[PDB]
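Undergrad: Would you mind keeping the following structure in view while I ask a few things?
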Amino acid sequence: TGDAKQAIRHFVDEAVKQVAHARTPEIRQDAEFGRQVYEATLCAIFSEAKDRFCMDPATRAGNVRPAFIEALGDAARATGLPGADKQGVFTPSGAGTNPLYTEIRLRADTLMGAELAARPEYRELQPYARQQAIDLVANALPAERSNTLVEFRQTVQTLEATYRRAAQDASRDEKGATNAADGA
């Protein structure tokens, strides 16, 4: 309860190191699966991004989800994700979870499964673990692909905060007042 802002943040850090060290030898020894992770890593952000937006109580339906999907796909496209084009809509086949990012999140989840995880501070704290987790994957890759993860990662954060805020703006704007304020 002290401050999930710094607490959960540091707990996730421990997972990242432990796991990073766990499979780091394989990336060096088998510098081939790291590249596969790069694609899945983005997928996790892509899939999680939608889930986070969808889960939010102020963006449950028709609020800005369709738009979030379109904007999310646009940035995830610039990355050049080898997804699948269906009926003109470009969307990844799935596999949001599966790599190290998934493994580190679960570990930190168990320790912080307390009130910390229940605090809203948790939602914004998205780019802390990702910044370190994506860095390791980007390690097996040049500075190029690395920029891609950084670009998409911030873009999502910006899209989410902007879209989430936009939804809240309309919520506060439409709050229980205006509507039931006819008798004002």
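In PDB author numbering, each residue's number is its place in the sequence shown (first place is 1) plus 77.
Beta carbons: idealized from backbone N, C-alpha and C, even for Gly.
1) Indicate whether residue 121 and residue 179 have their beta-carbon atoms separated by less than 8 Å.
2) Considering Cα atoms alone, identify which of 203, 243 and 249 is closest to residue 230.
3) Between the C-alpha atoms of residue 196 and residue 116, what's the straight-line distance to the nearest angstrom?
4) Pick helix, strand or coil for residue 141, following the three-state DSSP scheme.
5) Tell me the DSSP bridge mates of residue 161?
6) Evaluate contact between the region 157-174 and the region 201-216, counting only Cβ atoms and requiring at least three cross-stretch pairs below 8 Å.
7) Do you know whose CA, among 125, 174 and 198, lies nearest residue 80's CA?
8) Would residue 92 and residue 217 qualify as a contact pair, given that the criterion is a beta-carbon distance under 8 Å?
9) Could you compute how far the alpha carbon of residue 185 sits from the alpha carbon of residue 95?
10) Starting from residue 243, trace the alpha helix (DSSP H) in both directions and tell me its first and last residue.
TA: On the basis of the supplied data:
1) yes
2) 203
3) 30 Å
4) coil
5) 168
6) no
7) 198
8) no
9) 11 Å
10) 220-251
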